[PDB]
Every structure is written in C-alpha cells, then in structure tokens.
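> Any chance you could fold what I've pasted below:
(7 chains, ligands or ions: 13)
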Amino acid sequence: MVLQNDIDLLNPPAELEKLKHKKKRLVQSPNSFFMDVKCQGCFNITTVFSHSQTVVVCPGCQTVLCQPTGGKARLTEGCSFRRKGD
Amino acid sequence: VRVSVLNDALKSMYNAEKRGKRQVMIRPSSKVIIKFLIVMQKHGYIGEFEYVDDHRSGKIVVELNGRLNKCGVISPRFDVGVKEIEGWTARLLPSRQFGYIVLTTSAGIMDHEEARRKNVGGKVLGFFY
Amino acid sequence: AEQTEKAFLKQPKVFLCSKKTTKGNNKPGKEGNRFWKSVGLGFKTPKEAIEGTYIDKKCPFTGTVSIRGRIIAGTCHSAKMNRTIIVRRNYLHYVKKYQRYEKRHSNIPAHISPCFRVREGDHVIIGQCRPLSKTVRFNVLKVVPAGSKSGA
Amino acid sequence: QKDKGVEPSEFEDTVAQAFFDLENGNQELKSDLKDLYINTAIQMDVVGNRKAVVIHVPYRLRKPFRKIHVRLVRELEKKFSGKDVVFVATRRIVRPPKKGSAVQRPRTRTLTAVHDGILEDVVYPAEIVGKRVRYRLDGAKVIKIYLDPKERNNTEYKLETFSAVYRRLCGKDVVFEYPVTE
Amino acid sequence: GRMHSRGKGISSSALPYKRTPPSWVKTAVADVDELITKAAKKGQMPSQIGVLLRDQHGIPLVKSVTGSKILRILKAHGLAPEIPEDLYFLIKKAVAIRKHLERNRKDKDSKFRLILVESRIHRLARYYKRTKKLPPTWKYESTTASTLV
RNA sequence: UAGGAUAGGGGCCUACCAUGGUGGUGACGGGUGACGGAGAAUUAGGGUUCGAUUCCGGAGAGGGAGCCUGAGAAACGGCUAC
RNA sequence: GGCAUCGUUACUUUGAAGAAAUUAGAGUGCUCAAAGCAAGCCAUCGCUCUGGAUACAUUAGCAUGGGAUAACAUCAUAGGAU
Ligand SMILES: [K+]
Ligand SMILES: [K+]
Ligand SMILES: [Mg+2]
Ligand SMILES: [Mg+2]
Ligand SMILES: [Mg+2]
Ligand SMILES: [Mg+2]
Ligand SMILES: [Mg+2]
Ligand SMILES: [Mg+2]
Ligand SMILES: [Mg+2]
Ligand SMILES: [Mg+2]
Ligand SMILES: [Mg+2]
Ligand SMILES: [Mg+2]
Ligand SMILES: [Mg+2]
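Numbering: from 1, shown residues only, chains lettered A, B, ... in the order given. Ligands and ions are numbered 1, 2, ... in the order given. Okay, here it is:
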C-alpha cells in the first residue's frame, strides 16, 4: 500500500468504498434501505425504513414492529424482514 | 470557510506534485478551475483529467506528469492592463524564457502571452511554471 | 387647494383670466393652462406634472429652472423636509500605494418636485441646475422605488 | 403536427401511417393513441449500417409515452426494418437575456440544460446512474455514462446508435458503459 | 464548525444520485398531496411531516414523487404556517429557557445559553426579513414572545 | 413662501413658517517651523522626503475697517478714521 | 438616412480633451561637454515648402468595443410575456 500511485482514483476497488463514510465516497450514497416487514400472520406488506424513527404498527393487532434506536430500527424477533430495492 | 476553491485546488495539486503522486483529487470543481486546468494542460504542464459528477459540485481527478514545478493563485484578483503584464512577469515568474501567468480577461481565461497577442487586459487568477 | 401661503401662487407669464377658450392651444401655458416643459436628456415628464394643481417655481418640469451640467444617480438618504431630499452617492476611492479600494460616500442635497413621491432608500436620478439655496444645486429627475424592476 | 407552416417533409408519412395502423393489433395500446402523433421524424444512419429514426413528442405527451415506450418500439419492430426508433421531446432553448435584459429565462429549462435533458430521453428504459467528463490532451473532451446494470433488453447494441444520435443532436461525443458490480 | 460551539461533527444525510423515485413506489401524487395537507391540518410541520411520510407511508423523498418541496406544496395550498419552522422552534426554546431562568437567578450558565439562542434568533429573523418572508415590522419581544408560542 | 439687495444665482439679508443639516466612510475641534500646483532629491520595482523662490492660480502692502474715481480696485509708489 | 426603448457599476481596449518649462527622447560637430533650437548647402543678388519631431502625464470626468471575473436589487398571490 505504497500510496495511491498504484490504485486508480477514477476506478477504485469496489469493496473499499463499501466501508468509507457515505459523504467521503467517490459519489455520495445513502447507507439505508427500505424493507417490507412480514408479520407472523397476514398483513405482511407494510414498508418501513431501515433507520426508522417512529414506532410503526400493523392493522391487525398493531403488532409492534420496530423500535427506533441510535441506528437501525430494532425489529422484533417475531417479525420477519426482507428488503425492497430500486 | 472555503472562500476560494481555486486556491484549494491549486494547493492540493501542488502538494500532491511535490510528493511524487501520479493522480490528485480536487473537490469541489468549478468552471474557472476547469479553464485553468485546460490552459495548464494545453501548455503541456499536466496530462489527463476527468470531471466526476456527484450531482452537487463535482470532483476532478487530475493525472500528473512530473513537469509542474509550482502553481498557485494570486489573491486578491488584481486588475492588470496590457502595459502592466511585464511588471507582473518580473514578479511571479522565474525567467522571461518560460513560465505563465493566467488572466481572466473579458475574452475568457487565458495566459499572458495570449493576452498580449489579443491586446486585452483583465484580472490575474494565478500562475504556474 | 394649492394656495397655502399668504400670497397667491401662480405660474409666471401664464394669464389666468383670458375670456377665450383653451384646451388645444400650443405651448401649454397659453390662454390659461398649466405650463410644463420637457427637460430633455431623454427624460419623460410625469403625468402628475402635466395634470397637476401644485405650484413650484423650482420644479424642473413646471418651473423656471433648466437642467444642465452633470447628471448623478444615487439613493435617497433623508427626506424629512419640504420639497428637498438628501442623496447618498457611494463610490470607491483608490488607495494607490496599497492598490486597493476604500468605500466612500458624499451627501448631495436635491430639490424634489411635488409630482415625485419618495421614500427613504429610493433610487433617485438628479441633474445639476442653478443654485436654489445655500446647499441645493440639483433637481430630482427620476425616482425608482426600492425593491423594483421586476417581471420576467 | 409540426411547429411552423403547414407542409412537413416526405418522411413523416411513413411514421404517421404506422401510427394509424399499429393501433389495430393491440388491446391496451389501441385505446391510448389519441394523443398528438408527432412533430418531426428524422433519419440518421449510424457508422457502418443499421440506420436510426428519431421522433419528437411535443412536450406534454412524453409522460404517457413512458408508459408505452417499452412496447411501442417493440411493437414498431414489425415495421420498416433496419430501424433504431428513439423518442425525444422538443424544447425551447431561449438564450436571449443579455447583459441587461432583466428577463430571467428560468434556470431549469435553460439553453444546453436541454442537452442533458434529451440525454436520458434517448435511453429512457435504462436510467443513468453515473456521468463523467474526460478532457483529452487535444481538447476533445468525451462524456462517459454509466447506465443501470439492469439491461435485460436490446439496450446493449444501441450504444453506438445513441452516440451517433447525440453527436448529431448536440454535437458531443458520448461513450456508454455499465458498472462491473452487478 | 458549529456557529455557537467548538464542535466539528459532520453527521448528516446523503441523498441518492437517482433523482427519480424508486420503481416500487406505487403512490400517486394526489394521495401524497392529500396526506401532506391532512398532516398540515393536524398541526404538523414540514420537517416532522417528511419523516411521517418516509416511515409510515413509504415515501423516500417528497421532492421525487411529487416534484416539489413540502413547503412549496403547503404554500401553494395556502396551509403554510405564518412563521418559518426553524424560527418557531428557536423562539420556543428561548421561551422555555427564560421561563426556567426566571426562578433560578444564580444559574449563570443558562443565561449564557440564552444569550446564544437570542443571537441565533436575531440572525435568523434578519435573514427572513431580507427575503420578505417576515413582515418588515416584525420584532422579537421577549416579554410577549411566549404568547406567540 | 414673498420681498430687499446685487451685474447676476443663493439665508446674501428681512418677515412668516417647518425642524431640520453633518458625524467611526472621523463631522466638530486642535497642530503645522502649512500658500496650492506644475515640479525637486533619491530612486530594480514599489516607495520616502521636500516643494518661500523666476511658469499657473490665490492672498497681502505695518494691523484692522470704510470708500471715491473708473469698463475694471474694497487699489494703498489713491483717500478717510482708529 | 430610417425606428424604436434599454438593469446599474467596477474591470479591461480604443479615442478625445488635454499649458509651457522639467523628465524620457529624434535631428543638429556651440572646437568637445554641460548647453542652445539651431542651422545646412551651390560658393547663389539664392535654395532646402530648412527644422523647431514623439512619448508619458496617477486618480476624477467624456465617448467606443468587450462580458470572463466581481458587487446591488430584481426571482411564485402572476399585478408575467404575445
Ligand atoms: K443675487
Ligand atoms: K478709465
Ligand atoms: Mg429671491
Ligand atoms: Mg430671519
Ligand atoms: Mg504660514
Ligand atoms: Mg509654491
Ligand atoms: Mg527672492
Ligand atoms: Mg505668482
Ligand atoms: Mg490687494
Ligand atoms: Mg514692513
Ligand atoms: Mg488698502
Ligand atoms: Mg512702496
Ligand atoms: Mg501696487
């Protein structure tokens, strides 16, 4: 790792930017995503933010899904998580 | 605060050049920075450089070829006529044989020899040699 | 009415008692008519000066004063007076040794006719005339209200 | 029809007949073809072979065509073959405001901000995810565009057609590419 | 760094490069507009309306789906608050500080923070006056400020 | 605003009215062994110091004031007073 | 020869007006020089129309072109343009 003389700033390695700060990447990108949380029962289509801040509910039993924390929302053990993307 | 992005660009480029780097990154980019780099490249003091669109202000990645000794801005942008260029040449340049002063004349951004050719004056952006 | 002093105010050389008709007689101010003139220099006489009832002998449009000399633009500084304002003319003085500019100003008293409504901070254009008082040597020729020139 | 005059070229007749014909043969595409058909149609051969056709939605019907651009060109596949049909939108380019001229010419639809406003129209099914500009040593700057990796269609062989179309529509050299990750 | 501190923190958000809304967003502009208007009716505010849209209703960014900012939408609908949100919250915080400091005359650390918050309030008010977002006769009166909030 | 006076504009002066005018972009006040300028000395460049004196402009005839004659003077190799 | 009615400046180019003397500077063998603006020549009842050039002269003011870099307010209740 002599210095950037060996790497190319234009085409940097695709995994080293998976670890840098989002602002400090070559092009700024969010670190979050949106996920459609599926409860144990029906009504499995609700969409929630990864770094959510509001305690979302469900139409059935209000089925508390996530708790807001300092980072990613604390999903419950009973709620299944899969992610939706662009 | 960032009061002159041209100074930051030129200073980062010069610092990278002294350390023997082959590429340098400039952030944020701007049109005047691009024109200064275009003049420097046309005279053969740098090489390739590419602008990267980050949708906010853009970055520049510049390829160095080791030919640039010094490059730096002049602040504040003093106004020089065609008759004063010689004087500034005696101040900012090593010798009359080479070196360049960049002027932002109303005909665009150019070097001082081109300004004398077109017989136009303007403000002084920086210098490089 | 416009007569608010202990003497009758009238436009000189304008006979106000002719029995013959008017409204069609050239050189307004003939056979009984408001007298008004164009100051020239590409300035438009306000409608409030042509169709007006005020009397002002120092007004450039309907008075005895002619505009000649220097034309100066500026901003209104203080307008707490009777048909007179102060115009602030900001400029830059070039300190030569340091090759740098320092901000300077200069107040100029001007006479503003009753056809011009003015406010503090308005942009005024004035023209030199003969002395009208101890300090007044300019007449207001145009007033542009502050925060204007809109439309696109 | 067309912006000015009354009599267009001799090329638009084929595309107008194709518009009047292709509706008969579809179920949903048949109904939603009451919009203003075209404004201009221009042919342009690309390097070697496989000439291309460029059409101009006026401005407002561009959004409905995004709902059919996936199928229409494919439906236009059964037409005058040797085609690369691409839809754009005609835009005003008003330069006017001079040193005075307090007219503002909104900074959204400026001059040459249309240039990047027609760029994604040529590649509508594949959204751009990156753009770079390289300034070569001869003053011959090129534009490299990273489209989304989700190609899954004929966007792969249209790159030279897009380059020629942009060269003849804006006078810029553009070379496209795809990300390595996915 | 911070205007009234020595901190240098850089934590913020990073908007995606893709300006177009994501494909999975199947909500029309009318629904988003009605939701925003209803929230503004319920005494919410643009910052805390955007988060409610982001979390419950799966709208990543209002400017993407509807093509315009929340404040512009509210102003076009005429439901915009008479006072900008940031100035309103600064005034609320200053009022709370004054209410606390009334009974604690020896708490000579909240007096300094009060000076700081009043300076911020005055700077923001001056800016909003320069852009005609507040009446030119507006003035921050400490005694009657609490009545505003 | 209206007059008076002047060769003539003007608070230049008078009657009446209004409360204005300048100032950290230094007003006001003080020092100058301060007449101003063209210019002088030394000057890589920038600059620093000087400028009573023969060319241009101003002011004075011991110190103040008033005035006649005259196209032109508040003249002093003109008058009147202290 | 037309014919309009216009964002304002700083900056930069070109022009004009710009006292002489001094300075820089062309010509000229006062015997040289500091100088001066003289003179020179066929060997004349004279001639070279002899010459008596040219720059610079901050800033402020007037006018022409340029619009890159900068400063002002102008920017979505349409009270907008045609
Ligand atoms: K007089
Ligand atoms: K005589
Ligand atoms: Mg009088
Ligand atoms: Mg009196
Ligand atoms: Mg003395
Ligand atoms: Mg002297
Ligand atoms: Mg003597
Ligand atoms: Mg003398
Ligand atoms: Mg005398
Ligand atoms: Mg004596
Ligand atoms: Mg005497
Ligand atoms: Mg004597
Ligand atoms: Mg004498």
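> Smallest gap between chain A and chain D, at which residue?
Nearest residue of chain A to chain D: residue A:14, at 5.5 Å (Cβ to the nearest Cβ). The way it works is simple: take the backbone N, C-alpha and C, and place the C-beta from them, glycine included.
> Quick check: the gap between that residue and residue D:181.
Per Cβ to Cβ, to the nearest Å, residue A:14 is found 5 Å from residue D:181.
> same deal with residue D:77?
31 Å.
> what's the answer for residue C:20, then?
97 Å.
> any residue of the longest helix that chain B contains up close to chain A?
In chain B, taking DSSP state H as the definition, the longest helix is helix B:5-18. No. Helix B:5-18 lies out of reach of chain A by Cβ under 8 Å from any Cβ of the partner chain, never closer than 9.0 Å.
> do stretch B:43-51 as well
Yes. Using Cβ under 8 Å from any Cβ, stretch B:43-51 reaches chain A at residue B:50.
> Would you indicate which residues of that stretch are buried?
Across stretch B:43-51, burial judged by 16 or more other Cβ atoms under 10 Å in any protein chain shown covers B:45-51.
> what comes into contact with stretch E:8-15?
A:22-23, A:28-31, E:1-2, E:61 (Cβ atoms under 8 Å, 6 or more residues apart in numbering or on different chains).
> distance of the residue nearest the centre of chain B from residue B:74?
Central residue of chain B (Cα atoms, centre = their mean): residue B:36, 4.1 Å from the mean position. Computed as Cβ to Cβ, the residue B:36 to residue B:74 distance reads 12 Å.
> for residue D:73, same thing?
For residue D:73 relative to residue B:74 (Cβ to Cβ), the value is 56 Å.
> What ranges does the chain have for its strands?
Looking at chain A here, since you left the chain open. A:34-36, A:47-49, A:66-67, A:74-75, A:83-84 (DSSP state E).
> that's the wrong chain, I wanted chain B
Going by DSSP E, chain B shows strands at B:23-26, B:49-52, B:59-63, B:71-73, B:79-80, B:100-105, B:108-111, B:122-128.
> For those, give me CSV that also has distance to residue E:95.
Listed next are the strands of chain B as CSV, based on distance: least, Cβ to Cβ, whole Å:
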stretch, distance to residue E:95
strand B:23-26, 47
strand B:49-52, 47
strand B:59-63, 45
strand B:71-73, 48
strand B:79-80, 52
strand B:100-105, 51
strand B:108-111, 53
strand B:122-128, 50
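> what's the closest of the ones you listed to residue D:166?
strand B:49-52 (17.7 Å; Cβ to Cβ).
> do that closest one and chain E meet?
No. On the criterion Cβ under 8 Å from any Cβ, strand B:49-52 is out of touch with chain E, staying 11.4 Å away.
> Paired strands for that strand, with orientation please.
Strand pairing for strand B:49-52, determined by DSSP bridges: strand B:59-63 (antiparallel), strand D:128-135 (antiparallel).
> what's the spacing between it and its chain's center?
16 Å (Cα atoms, centre = their mean, to the nearest Å).
> What of stretch A:76-86?
10 Å.
> Now it: buried residues?
Per 16+ other Cβ under 10 Å, stretch A:76-86 contains these buried residues: A:79, A:86.
> Need the residues that contact it.
Against stretch A:76-86 from outside (Cβ under 8 Å, 6+ apart): A:33-40, A:44, A:47, A:63-66, A:75, E:18, E:22-24.
> Check stretch E:122-142 too.
Counting by Cβ under 8 Å, 6+ apart, E:83-84, E:86-87, E:90-91, E:94, E:98, E:118, E:121 sit against stretch E:122-142.
> Those residues: which two are farthest apart?
Farthest pair in the contacts of stretch E:122-142, by Cβ to Cβ: E:84 and E:98, 20.7 Å.
> Would you mind naming what in chain D lies close to chain E?
Residues of chain D lying near chain E (Cβ under 8 Å from any Cβ): D:127, D:129-130.
> Quick one: neighbours of residue D:56, just the number.
Each residue near residue D:56 was counted by other Cβ atoms under 10 Å in any protein chain shown, and the total is 20.
> Isn't it up against residue D:36?
No. The pair residue D:56 / residue D:36 is not scored as a contact, 10.6 Å apart, by Cβ atoms under 8 Å.
> residues from chain C in reach of RNA strand G?
C:73, C:92-94, C:96, C:101, C:147-152 (Cβ under 7 Å from any atom of the strand).
> which of those residues are buried?
Buried among the residues of chain C next to RNA strand G by 16+ other Cβ under 10 Å: none.
> from the residues you listed, which two are the most distant?
Every pair of the residues of chain C next to RNA strand G checked by Cβ to Cβ; the farthest is C:96 and C:151, at 42.6 Å.
> Nearest to chain E: which residue in chain A?
Taking Cβ to the nearest Cβ, chain A has residue A:47 as its residue nearest chain E, at 3.7 Å.
> burial of the residue nearest to that residue when sequence neighbours are not counted, as a residue count?
Leaving out its chain neighbours, the residue that sits closest to residue A:47 by Cβ to Cβ, 6 or more residues apart in numbering or on different chains is residue E:58, at 3.7 Å. Using other Cβ under 10 Å, residue E:58 has 20 other residues around it.
> how far away is residue E:58 from chain C?
As judged by Cβ to the nearest Cβ, to the nearest Å, residue E:58 and chain C stand 39 Å apart.
> Please tell me how far that residue sits from residue E:32.
Distance from residue E:58 to residue E:32, by Cβ to Cβ: 11 Å.
> Please apply the same query to residue D:49.
Taking Cβ to Cβ, one finds residue D:49 at 48 Å from residue E:32.
> Hmm, residue E:116 is touching residue E:90, no?
No. Residue E:116 lies out of contact with residue E:90 (Cβ under 8 Å); the separation is 10.7 Å.
> Among these two, which residue is more densely surrounded?
Ranked by neighbour count (other Cβ under 10 Å), residue E:116 and residue E:90 place residue E:90 first, with 20 against 15.
> Can you give me the distance of the more buried one to RNA strand G?
Residue E:90 is 23 Å from RNA strand G, where distance means Cβ to the nearest atom of the strand, to the nearest Å.
> sec struct for that residue, please.
helix (DSSP: H, G, I helix; E, B strand; the rest coil).
> quick one, what contacts whichever residue of chain E sits closest to chain B?
Using Cβ to the nearest Cβ, residue E:17 is the residue of chain E that sits closest to chain B, at 5.6 Å. Taking Cβ under 8 Å, 6+ apart as the criterion, residue E:17 is in contact with A:27-29, B:54-55, D:129-130.
> tell me which element it falls in.
Using DSSP states H and E, residue E:17 sits within no helix or strand.
> mind checking how far it is from residue B:51?
15 Å.
> ok, which stretches of chain D are strands?
Using DSSP E, strands in chain D cover D:41-44, D:52-57, D:85-89, D:128-135, D:142-147, D:174-177.
> contacts for the fifth one?
Contacts of strand D:142-147 with the rest of the structure, by Cβ under 8 Å, 6+ apart, involve D:119, D:123, D:126-134, D:136, D:155, D:172-179.
> again, but for the longest one
Contacts to strand D:128-135, defined as Cβ under 8 Å, 6+ apart, come from residues A:10, A:27, B:34, B:37-38, B:41, B:48-53, D:119-120, D:141-148, D:179, E:17-18.
> Run the chain-centre distance for the one helix or strand residue E:124 maps to.
Using DSSP H and E, residue E:124 sits in helix E:110-130. Distance, stretch centre to chain centre, for helix E:110-130: 15 Å (Cα atoms, centre = their mean).
> Just after it, pick out the following helix or strand.
helix E:142-148.
> circling back: mutual contacts of residue B:36 and residue B:74, please.
B:125-126.
> Which residue would be the closest one in chain E to RNA strand F?
For chain E and RNA strand F, the shortest gap (Cβ to the nearest atom of the strand) falls at residue E:130, measuring 17.7 Å.
> Number of residues surrounding the closest residue to chain C within chain E?
Per Cβ to the nearest Cβ, residue E:132 is where chain E lies closest to chain C, at 8.3 Å. Here the number of neighbours of residue E:132 (other Cβ under 10 Å) works out to 9.
> No more questions from me, cheers.
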